[PDB]
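The structure under discussion appears below in the form of structure tokens.
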Amino acid sequence: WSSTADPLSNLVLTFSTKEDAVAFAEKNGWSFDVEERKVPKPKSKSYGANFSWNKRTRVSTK
Amino acid sequence: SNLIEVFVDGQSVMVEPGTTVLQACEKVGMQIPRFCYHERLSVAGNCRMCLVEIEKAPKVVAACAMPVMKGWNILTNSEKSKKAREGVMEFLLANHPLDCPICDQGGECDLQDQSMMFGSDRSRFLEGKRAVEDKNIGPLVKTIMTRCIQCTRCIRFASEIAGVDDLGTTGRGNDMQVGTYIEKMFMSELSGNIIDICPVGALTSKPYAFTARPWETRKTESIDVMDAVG
Amino acid sequence: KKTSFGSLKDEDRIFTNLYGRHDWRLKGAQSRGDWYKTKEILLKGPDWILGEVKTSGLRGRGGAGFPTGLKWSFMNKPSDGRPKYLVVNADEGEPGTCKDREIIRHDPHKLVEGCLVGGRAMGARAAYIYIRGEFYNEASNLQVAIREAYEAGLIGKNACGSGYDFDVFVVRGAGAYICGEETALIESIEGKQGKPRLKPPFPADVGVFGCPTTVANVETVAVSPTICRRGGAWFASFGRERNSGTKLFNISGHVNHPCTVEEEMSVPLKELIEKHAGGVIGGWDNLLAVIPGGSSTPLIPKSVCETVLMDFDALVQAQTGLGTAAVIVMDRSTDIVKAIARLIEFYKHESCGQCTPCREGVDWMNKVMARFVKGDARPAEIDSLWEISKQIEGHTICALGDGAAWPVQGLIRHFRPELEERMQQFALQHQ
Amino acid sequence: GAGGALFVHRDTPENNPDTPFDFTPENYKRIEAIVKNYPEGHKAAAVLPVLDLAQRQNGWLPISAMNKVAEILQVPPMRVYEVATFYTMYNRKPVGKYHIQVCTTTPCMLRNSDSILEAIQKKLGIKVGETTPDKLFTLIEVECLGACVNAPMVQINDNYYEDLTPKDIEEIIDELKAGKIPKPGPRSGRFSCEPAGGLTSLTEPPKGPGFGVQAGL
Amino acid sequence: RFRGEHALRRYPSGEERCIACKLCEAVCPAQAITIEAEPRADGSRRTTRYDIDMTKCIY
Amino acid sequence: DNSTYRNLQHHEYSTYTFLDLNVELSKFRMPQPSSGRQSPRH
Ligand SMILES: NC(=O)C1=CN([C@@H]2O[C@H](COP(=O)(O)OP(=O)(O)OC[C@H]3O[C@@H](n4cnc5c(N)ncnc54)[C@H](O)[C@@H]3O)[C@@H](O)[C@H]2O)C=CC1
Ligand SMILES: Cc1cc2nc3c(=O)[nH]c(=O)nc-3n(C[C@H](O)[C@H](O)[C@H](O)COP(=O)(O)O)c2cc1C
Ligand code: SF4
Ligand code: SF4
Ligand code: SF4
Ligand code: SF4
Ligand code: FES
Ligand code: FES
Ligand SMILES: [Mg+2]
């Protein structure tokens with residue numbers, strides 16, 4: 001079986017905001033690394049671009 | 001500027017021209033159900049799972065392909081859109097094989113989750129299901145096409161992202177199948193991504209087969225070192 | 001002002017060579033009045049032709065019935081750099097329908113002249129006629145007529161003493177009923193599978209080769225030169241309001257003399273059948289049901305057919321729709337359930353399979369109707385089949401799903417006792 | 001009900017990429033004309049006519065013919081495979097000299113198309129989807145062929161045989177066996193689908209040019 | 001209905017019924033089941049480890 | 001006059017009649033438009 005010696009291997013906390021997590025980590029005396037949230041950037045979708053007259057976006061099959 | 005005012009469940013939002021109904025609903029915080037639409041691929045509009053009701057309109061529209069018009073009110077949780085979702089899920093599950101215990105994508109299935117969240121809880125399909133023969137496209141992707149829902153995500157990804165036109169649809173109607181029509185291996189430096197894009201267990205990782213379940217795995221975010229892209 | 005319809009004078013018809021008894025070549029068309037003063041009609045301008053088509057009250061002969069003037073004026077926008085094309089829908093896929101084949105094989109010069117007139121009205125540089133693949137001899141006749149038109153200068157470089165260049169191409173399909181749908185037809189022309197594309201974009205914006213395009217039925221294109229020559233008021237004098245003109249009718253099934261005939265628009269169904277088809281085999285009382293507008297229209301029983309008019313509005317009021325004006329009759333000695341199941345099997349074999357509702361649901365309804373024919377089902381499944389048809393209808397990419405759901409709905413609505421009685425006979429005989 | 005034809009290709013000694021196929025120079029000129037019919041930015045629009053010409057030259061469509069078409073039109077072979085497998089007029093297996101297509105759709109089924117099918121089966125000694133031992137005839141059930149007025153009807157190699165009775169179709173079959181082509185068109189002498197004894201329309205001579213031309217034109 | 005000692009069953013042909021779906025391991029309220037699996041020599045989906053801790057099981 | 005059927009030319013159509021007619025018509029067509037590229041894959 002998989003054995004462990006640390007008690008914090010399964011401890012995961014949920015926070016509403018980044019500031020709440022940072023404050024909780026600071027008041028508990030834990031050194032922390034913060035990663036900025038990754039958001040998928042908005043994209044331009046056009047069904048009519050599939051059947052293009054002169055561009056490469058024209059599809060060969062559908 | 002050129003922003004237009006549209007409504008999602010009665011709440012106003014300003015969107016750029018050409019924005020689809022799905023993106024307008026995303027700007028509010030709702031994810032419309034989908035099977036064939038991918039943000040990275042060209043719009044297909046064939047799974048019909050994204051059908052949604054526009055207020056004062058008798059016919060539902062495909063949210064992934066329909067550009068939103070100024071003043072539209074999208075009823076994302078009306079009885080019409082819910083009934084459309086239930087009907088589409090029923091049609092999708094009519095021929096699907098009872099392979100969940102043996103399917104590698106048990107706890108990671110978009111079909112399973114969207115059936116739980118938007119479909120019914122029972123079936124009235126009393127006929128026999130279809131079965132299609134599997135394909136061999138190399139040692140990386142395992143192919144079980146009875147689970148395929150014909151969303152054509154793999155074909156679009158291969159054509160547009162991987163630059164390989166070896167995938168397509170043969171046949172017609174219910175007997176239309178996704179494949180190569182010949183014994184040919186889909187080998188490219190980006191061939192493994194069709195496993196991720198496939199919403200069902202039709203395409204699965206062959207070296208990963210049968211080894212683990214998603215709820216058991218611990219997720220570590222790291223960086224690739226196989227090349228200099230990182 | 002007129003109240004009674006159904007007596008169209010012979011000299012007042014358009015397709016004067018419907019039966020192929022005259023010369024279909026250029027000389028016969030010139031004798032019958034084709035290619036006459038087309039130069040002046042071309043010189044009147046697209047706006048005048050569009051106005052004539054609009055005041056004519058013409059509606060699409062394909063089945064949709066959309067006002068042709070509005071569709072053709074959707075192309076009256078200025079050029080943006082792309083070429084403009086007119087596509088003639090000659091796929092001819094609906095069971096019970098034979099009109100386009102006859103007006104192509106016997107009156108091809110009317111079709112070519114209508115192509116030229118529509119292209120001028122819409123500013124199209126060329127016309128692509130998508131003929132059915134099975135109609136090889138009809139396509140060859142159309143090619144011969146187009147060659148005659150090119151030799152005479154009626155089409156091509158300057159096409160007249162007019163200054164307008166217009167080309168007419170014939171492209172053959174290969175065995176696909178779905179290729180009659182306008183977007184599926186456009187895809188099939190471009191060399192792909194006959195899978196329809198979503199709307200928007202409409203063909204007037206993005207069509208064949210990504211260019212502005214109008215897809216028009218063969219009859220709609222063929223009647224335009226006569227409408228221009230005789231005026232839109234004359235064509236509007238026929239039929240009821242919003243239902244003006246004349247129509248080609250195909251009567252097939254259980255009639256003594258199945259035939260194709262052109263008749264005034266809002267003709268009564270029984271009067272049409274008795275005067276042209278020779279009546280129902282075994283008499284009018286022997287009639288059981290009628291499919292009035294091809295396989296996509298729901299059936300109606302004899303009681304409805306007693307006093308029903310053959311036009312868009314009155315047939316919609318009968319919960320049927322005019323469709324392609326293809327009348328399929330059925331007497332009391334035939335299995336209505338078997339015929340409806342055969343139609344559903346046709347739709348199952350003709351669906352392109354692009355979208356899940358049509359594909360899966362139509363296969364499901366085919367299986368359900370096959371079980372219904374033998375009576376191997378239970379009465380509670382009729383409402384389940386109705387709900388399945390509701391789920392298919394209005395949720396598909398194209399109207400093939402609607403055209404498959406509607407016959408089931410009509411059959412259920414008008415013959416539920418028949419299905420229940422068949423099921424109970426099966427139940428007693430199998431215990 | 002069911003299809004019965006597979007949409008996956010397995011290499012076979014008589015159907016493989018090494019199977020010899022090439023276009024006759026006259027067919028090459030025809031291909032040039034077909035390609036010329038389309039704008040010189042979209043050459044893939046000619047896949048259907050070129051595949052049809054290949055079938056007419058060969059009788060059916062081997063995988064080598066599809067590969068040749070794809071190479072000639074510079075399109076991926078998978079697109080040609082999709083076109084070949086989507087459209088029902090393409091024969092991906094060898095077919096008899098005379099391909100007999102019998103329509104069993106409801107308008108023809110009403111006018112006893114089953115009798116025509118049974119007569120053909122009894123005369124040829126084959127089932128619905130089989131081929132004769134001498135590779136001369138092939139029987140196939142098809143949907144509406146656009147000749148519902150002249151039901152029942154069959155199609156044999158681009159020709160329509162209409163208003164058929166079992167005797168009439170037996171005569172057609174044995175005369176086609178004899179060697180010369182029977183005349184196409186309806187039987188019973190009704191001259192392409194007007195009422196058999198009715199003549200209820202188009203009785204008087206058609207009006208000439210300018211009969212009803214409006215004023216100011 | 002009474003629950004006794006755990007056992008792994010097999011089909012009448014003699015092949016074991018377990019297909020390593022790990023649903024029992026997921027549902028086990030005491031985490032008494034440990035499962036490891038891989039494709040078999042014939043490609044079947046079978047377990048290589050199936051452990052039940054009877055001193056953790058709640059039956 | 002009317003009783004005579006005059007669509008008899010189609011009984012003598014061969015396997016290449018359509019394509020031969022297209023080849024004949026090839027010389028009557030206006031030059032085709034161009035999208036600027038050899039193919040969308042270019
Ligand atoms: N003639 C035949 O052989 C067949 C006829 N049909 C009939 O076709 C009917 C349904 O076909 P659909 O074309 O899908 O119906 P539709 O109403 O959507 O199309 C009607 C025509 O009007 C155009 N149109 C409609 N709305 C438009 C808009 N807002 N803007 C611009 N253009 C617009 C469409 O482009 C189309 O050409 C059915 O009722 C069926 O009976 C079906 C199969 C075969
Ligand atoms: C599945 C399907 C098949 C169709 N097949 C044909 C056809 O064979 N011929 C035709 O004229 N219209 C056909 N239509 C209707 C076309 O959409 C129609 O040609 C188009 O709407 C324009 O028709 P119009 O010129 O009469 O207005 C079909 C429609 C559907 C949904
Ligand atoms: S793909 Fe999803 S729904 Fe289908 S068998 Fe696999 S886990 Fe179950
Ligand atoms: S294999 Fe997967 S991605 Fe490809 S069409 Fe089928 S379900 Fe979609
Ligand atoms: S409704 Fe049927 S024929 Fe029409 S696009 Fe969908 S699957 Fe294809
Ligand atoms: S893993 Fe557990 S639940 Fe799944 S088959 Fe094996 S014993 Fe049954
Ligand atoms: S997500 Fe819109 S139709 Fe598939
Ligand atoms: S039903 Fe047979 S030709 Fe149409
Ligand atoms: Mg997958």
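By convention in this document, the chains of the structure tokens carry letters A, B, ... by their order, each chain's residues are numbered from 1, and ligands are numbered from 1 in the order they are shown.
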
**Report entry** Shell of 9 Å around range 194-203 of chain D, only C-alpha atoms, local chain residues under 3 positions omitted, as number ranges by chain
**Finding:** C: 9-11, 13, 16-19, 256-263, 275-278; D: 149, 188-191, 206; F: 2

Query - Residue hits in chain C, query chain A, radius 8 Å, only C-alpha atoms, as a list in words - result: residues 82, 192, 193, 195, 200, 201, 206, 207, 209, 210 and 211 of chain C

Report summary line: If you count only C-alpha atoms and all ligand atoms, the residue of B:3, B:131, B:8, B:167 closest to ligand 4 turns out to be B:167

**Report entry** Distance filter 10 Å around ligand 5, atoms: only C-alpha atoms and all ligand atoms, out as a PyMOL selection string
**Finding:** (chain B and resi 45-48+172-174) or (chain C and resi 177-179+181+183-184+194-198+347-348+350-362+392-404)

Next, the residues of the selection above should be written as a PDB file, in the first residue's frame with C-alpha atoms.
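File produced: result-v5.pdb:
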ATOM      1  CA  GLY B  45     -23.761  22.914 -35.061  1.00  0.00           C
ATOM      2  CA  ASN B  46     -24.698  19.240 -35.402  1.00  0.00           C
ATOM      3  CA  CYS B  47     -25.135  17.929 -31.848  1.00  0.00           C
ATOM      4  CA  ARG B  48     -28.086  20.319 -31.245  1.00  0.00           C
ATOM      5  CA  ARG B 172     -25.134   8.215 -44.392  1.00  0.00           C
ATOM      6  CA  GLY B 173     -27.890   8.556 -41.827  1.00  0.00           C
ATOM      7  CA  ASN B 174     -27.698   6.279 -38.807  1.00  0.00           C
TER       8      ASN B 174
ATOM      9  CA  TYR C 177     -32.708  13.124 -51.712  1.00  0.00           C
ATOM     10  CA  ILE C 178     -31.211  15.503 -49.130  1.00  0.00           C
ATOM     11  CA  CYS C 179     -29.314  17.276 -51.926  1.00  0.00           C
ATOM     12  CA  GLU C 181     -32.296  21.187 -49.659  1.00  0.00           C
ATOM     13  CA  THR C 183     -27.839  24.541 -48.406  1.00  0.00           C
ATOM     14  CA  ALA C 184     -27.236  20.821 -48.921  1.00  0.00           C
ATOM     15  CA  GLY C 194     -24.887  16.771 -49.251  1.00  0.00           C
ATOM     16  CA  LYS C 195     -25.088  17.952 -45.644  1.00  0.00           C
ATOM     17  CA  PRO C 196     -27.121  21.134 -45.070  1.00  0.00           C
ATOM     18  CA  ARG C 197     -25.492  24.108 -43.381  1.00  0.00           C
ATOM     19  CA  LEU C 198     -27.036  26.220 -40.639  1.00  0.00           C
ATOM     20  CA  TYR C 347     -36.791   9.200 -44.734  1.00  0.00           C
ATOM     21  CA  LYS C 348     -34.581   6.849 -42.708  1.00  0.00           C
ATOM     22  CA  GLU C 350     -32.439   9.475 -47.096  1.00  0.00           C
ATOM     23  CA  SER C 351     -31.325  11.365 -43.974  1.00  0.00           C
ATOM     24  CA  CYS C 352     -27.772  12.685 -44.221  1.00  0.00           C
ATOM     25  CA  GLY C 353     -27.071  11.934 -40.546  1.00  0.00           C
ATOM     26  CA  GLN C 354     -25.368  15.254 -39.765  1.00  0.00           C
ATOM     27  CA  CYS C 355     -27.423  16.185 -36.693  1.00  0.00           C
ATOM     28  CA  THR C 356     -28.432  13.810 -33.911  1.00  0.00           C
ATOM     29  CA  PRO C 357     -32.221  14.518 -33.789  1.00  0.00           C
ATOM     30  CA  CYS C 358     -32.950  13.587 -37.406  1.00  0.00           C
ATOM     31  CA  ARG C 359     -30.498  10.672 -37.507  1.00  0.00           C
ATOM     32  CA  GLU C 360     -31.286   8.902 -34.246  1.00  0.00           C
ATOM     33  CA  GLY C 361     -34.948   9.875 -33.946  1.00  0.00           C
ATOM     34  CA  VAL C 362     -35.824   8.936 -37.524  1.00  0.00           C
ATOM     35  CA  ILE C 392     -37.518  15.743 -33.746  1.00  0.00           C
ATOM     36  CA  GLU C 393     -39.665  18.544 -35.160  1.00  0.00           C
ATOM     37  CA  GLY C 394     -38.184  22.026 -34.840  1.00  0.00           C
ATOM     38  CA  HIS C 395     -34.863  20.785 -33.430  1.00  0.00           C
ATOM     39  CA  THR C 396     -32.973  19.746 -36.586  1.00  0.00           C
ATOM     40  CA  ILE C 397     -30.601  21.589 -38.904  1.00  0.00           C
ATOM     41  CA  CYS C 398     -32.888  21.270 -41.942  1.00  0.00           C
ATOM     42  CA  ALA C 399     -36.538  20.430 -42.609  1.00  0.00           C
ATOM     43  CA  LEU C 400     -36.043  16.729 -43.395  1.00  0.00           C
ATOM     44  CA  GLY C 401     -36.690  15.971 -39.730  1.00  0.00           C
ATOM     45  CA  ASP C 402     -39.916  17.971 -39.883  1.00  0.00           C
ATOM     46  CA  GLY C 403     -40.887  16.209 -43.114  1.00  0.00           C
ATOM     47  CA  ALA C 404     -40.360  12.858 -41.405  1.00  0.00           C
TER      48      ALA C 404
END

Report task. Collect all residues with atoms no farther than 6 Å from ligand 3, counting only C-alpha atoms and all ligand atoms, and output them as number ranges by chain. Result -> B: 97-100, 103, 105-106, 109, 111-112, 147, 200-201

Can you list every residue of chain B that has an atom at most 8 Å from ligand 9, with its nearest atom pair and the distance in Å to one decimal, using only C-alpha atoms and all ligand atoms, ordered by chain then number, as a Markdown table?
| residue | atom | partner | partner_atom_place_in_ligand_line | distance |
| --- | --- | --- | --- | --- |
| B:105 | CA | ligand 9 | 1 (Mg) | 6.7 |
| B:109 | CA | ligand 9 | 1 (Mg) | 7.9 |
| B:194 | CA | ligand 9 | 1 (Mg) | 7.3 |
| B:195 | CA | ligand 9 | 1 (Mg) | 4.4 |
| B:196 | CA | ligand 9 | 1 (Mg) | 5.5 |
| B:197 | CA | ligand 9 | 1 (Mg) | 6.5 |
| B:198 | CA | ligand 9 | 1 (Mg) | 4.1 |
| B:199 | CA | ligand 9 | 1 (Mg) | 5.3 |
| B:200 | CA | ligand 9 | 1 (Mg) | 4.8 |
| B:201 | CA | ligand 9 | 1 (Mg) | 4.5 |
| B:202 | CA | ligand 9 | 1 (Mg) | 5.9 |
| B:203 | CA | ligand 9 | 1 (Mg) | 4.5 |
| B:204 | CA | ligand 9 | 1 (Mg) | 4.9 |
| B:205 | CA | ligand 9 | 1 (Mg) | 7.9 |

Which residues are near ligand 6 in this structure, taking near to mean any atom at most 8 Å from a ligand atom and counting only C-alpha atoms and all ligand atoms? Format them as a PDB file with N, CA, C and O atoms, in the first residue's frame.
ATOM      1  N   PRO B 101     -19.037   0.923 -16.988  1.00  0.00           N
ATOM      2  CA  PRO B 101     -18.035   0.245 -16.147  1.00  0.00           C
ATOM      3  C   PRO B 101     -16.737  -0.084 -16.869  1.00  0.00           C
ATOM      4  O   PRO B 101     -15.675  -0.075 -16.235  1.00  0.00           O
TER       5      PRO B 101
ATOM      6  N   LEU E   8     -15.198 -13.066  -4.394  1.00  0.00           N
ATOM      7  CA  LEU E   8     -15.179 -12.647  -5.790  1.00  0.00           C
ATOM      8  C   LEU E   8     -15.731 -13.782  -6.643  1.00  0.00           C
ATOM      9  O   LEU E   8     -15.211 -14.902  -6.602  1.00  0.00           O
ATOM     10  N   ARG E  17     -15.859 -12.280 -12.948  1.00  0.00           N
ATOM     11  CA  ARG E  17     -16.818 -11.259 -13.353  1.00  0.00           C
ATOM     12  C   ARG E  17     -16.254  -9.850 -13.239  1.00  0.00           C
ATOM     13  O   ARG E  17     -16.710  -8.951 -13.953  1.00  0.00           O
ATOM     14  N   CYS E  18     -15.282  -9.637 -12.355  1.00  0.00           N
ATOM     15  CA  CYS E  18     -14.783  -8.294 -12.093  1.00  0.00           C
ATOM     16  C   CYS E  18     -14.121  -7.707 -13.332  1.00  0.00           C
ATOM     17  O   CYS E  18     -13.304  -8.362 -13.986  1.00  0.00           O
ATOM     18  N   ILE E  19     -14.475  -6.465 -13.645  1.00  0.00           N
ATOM     19  CA  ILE E  19     -13.961  -5.750 -14.802  1.00  0.00           C
ATOM     20  C   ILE E  19     -13.218  -4.482 -14.391  1.00  0.00           C
ATOM     21  O   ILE E  19     -12.954  -3.626 -15.224  1.00  0.00           O
ATOM     22  N   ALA E  20     -12.900  -4.350 -13.104  1.00  0.00           N
ATOM     23  CA  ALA E  20     -12.045  -3.273 -12.600  1.00  0.00           C
ATOM     24  C   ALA E  20     -12.635  -1.891 -12.870  1.00  0.00           C
ATOM     25  O   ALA E  20     -11.924  -0.956 -13.239  1.00  0.00           O
ATOM     26  N   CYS E  21     -13.950  -1.756 -12.690  1.00  0.00           N
ATOM     27  CA  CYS E  21     -14.583  -0.449 -12.821  1.00  0.00           C
ATOM     28  C   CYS E  21     -14.338   0.438 -11.607  1.00  0.00           C
ATOM     29  O   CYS E  21     -14.499   1.658 -11.707  1.00  0.00           O
ATOM     30  N   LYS E  22     -13.966  -0.154 -10.469  1.00  0.00           N
ATOM     31  CA  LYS E  22     -13.636   0.565  -9.238  1.00  0.00           C
ATOM     32  C   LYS E  22     -14.828   1.321  -8.655  1.00  0.00           C
ATOM     33  O   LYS E  22     -14.650   2.317  -7.952  1.00  0.00           O
ATOM     34  N   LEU E  23     -16.051   0.865  -8.930  1.00  0.00           N
ATOM     35  CA  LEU E  23     -17.216   1.485  -8.303  1.00  0.00           C
ATOM     36  C   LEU E  23     -17.343   1.080  -6.841  1.00  0.00           C
ATOM     37  O   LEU E  23     -17.714   1.903  -5.995  1.00  0.00           O
ATOM     38  N   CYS E  24     -17.042  -0.180  -6.522  1.00  0.00           N
ATOM     39  CA  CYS E  24     -17.065  -0.615  -5.130  1.00  0.00           C
ATOM     40  C   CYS E  24     -16.019   0.126  -4.310  1.00  0.00           C
ATOM     41  O   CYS E  24     -16.274   0.509  -3.163  1.00  0.00           O
ATOM     42  N   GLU E  25     -14.834   0.329  -4.883  1.00  0.00           N
ATOM     43  CA  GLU E  25     -13.790   1.084  -4.200  1.00  0.00           C
ATOM     44  C   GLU E  25     -14.209   2.532  -3.980  1.00  0.00           C
ATOM     45  O   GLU E  25     -13.903   3.123  -2.938  1.00  0.00           O
ATOM     46  N   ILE E  35      -7.691  -1.290  -5.301  1.00  0.00           N
ATOM     47  CA  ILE E  35      -7.799  -1.908  -6.618  1.00  0.00           C
ATOM     48  C   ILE E  35      -6.729  -1.341  -7.542  1.00  0.00           C
ATOM     49  O   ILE E  35      -6.537  -0.122  -7.615  1.00  0.00           O
ATOM     50  N   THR E  47      -8.341  -6.880 -13.005  1.00  0.00           N
ATOM     51  CA  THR E  47      -7.551  -6.375 -11.894  1.00  0.00           C
ATOM     52  C   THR E  47      -6.268  -7.177 -11.722  1.00  0.00           C
ATOM     53  O   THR E  47      -6.226  -8.387 -11.958  1.00  0.00           O
TER      54      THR E  47
END

Query raised in the report: Smallest atom-to-atom distance to chain A: which of B:123, B:20, B:188, B:81, using only C-alpha atoms?
Result: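 Among the listed residues, the smallest separation from chain A belongs to B:20.
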
Query raised in the report: Near residue 151 in chain D, counting only C-alpha atoms, which residues have an atom at most 7 Å away, once you skip same-chain residues fewer than 4 positions from it, shown as a list in words?
Result: residues 108, 111, 147, 162 and 163 of chain D

File of the preceding selection, N, CA, C and O atoms, as a PDB file, in the first residue's frame:
ATOM      1  N   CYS D 108     -45.185   4.057 -55.766  1.00  0.00           N
ATOM      2  CA  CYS D 108     -45.030   2.875 -56.609  1.00  0.00           C
ATOM      3  C   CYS D 108     -45.530   1.617 -55.914  1.00  0.00           C
ATOM      4  O   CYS D 108     -46.040   0.703 -56.572  1.00  0.00           O
ATOM      5  N   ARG D 111     -49.218   0.999 -56.606  1.00  0.00           N
ATOM      6  CA  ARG D 111     -49.516   0.402 -57.908  1.00  0.00           C
ATOM      7  C   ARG D 111     -48.693  -0.860 -58.158  1.00  0.00           C
ATOM      8  O   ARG D 111     -48.091  -1.036 -59.215  1.00  0.00           O
ATOM      9  N   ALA D 147     -40.653   9.419 -60.973  1.00  0.00           N
ATOM     10  CA  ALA D 147     -41.586   9.001 -62.014  1.00  0.00           C
ATOM     11  C   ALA D 147     -42.822   8.370 -61.389  1.00  0.00           C
ATOM     12  O   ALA D 147     -43.331   7.345 -61.844  1.00  0.00           O
ATOM     13  N   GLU D 162     -41.351   2.295 -67.566  1.00  0.00           N
ATOM     14  CA  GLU D 162     -42.445   2.834 -66.774  1.00  0.00           C
ATOM     15  C   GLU D 162     -43.754   2.130 -67.112  1.00  0.00           C
ATOM     16  O   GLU D 162     -43.897   1.501 -68.162  1.00  0.00           O
ATOM     17  N   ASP D 163     -44.719   2.251 -66.191  1.00  0.00           N
ATOM     18  CA  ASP D 163     -46.043   1.640 -66.333  1.00  0.00           C
ATOM     19  C   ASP D 163     -45.936   0.137 -66.565  1.00  0.00           C
ATOM     20  O   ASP D 163     -46.627  -0.434 -67.412  1.00  0.00           O
TER      21      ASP D 163
END
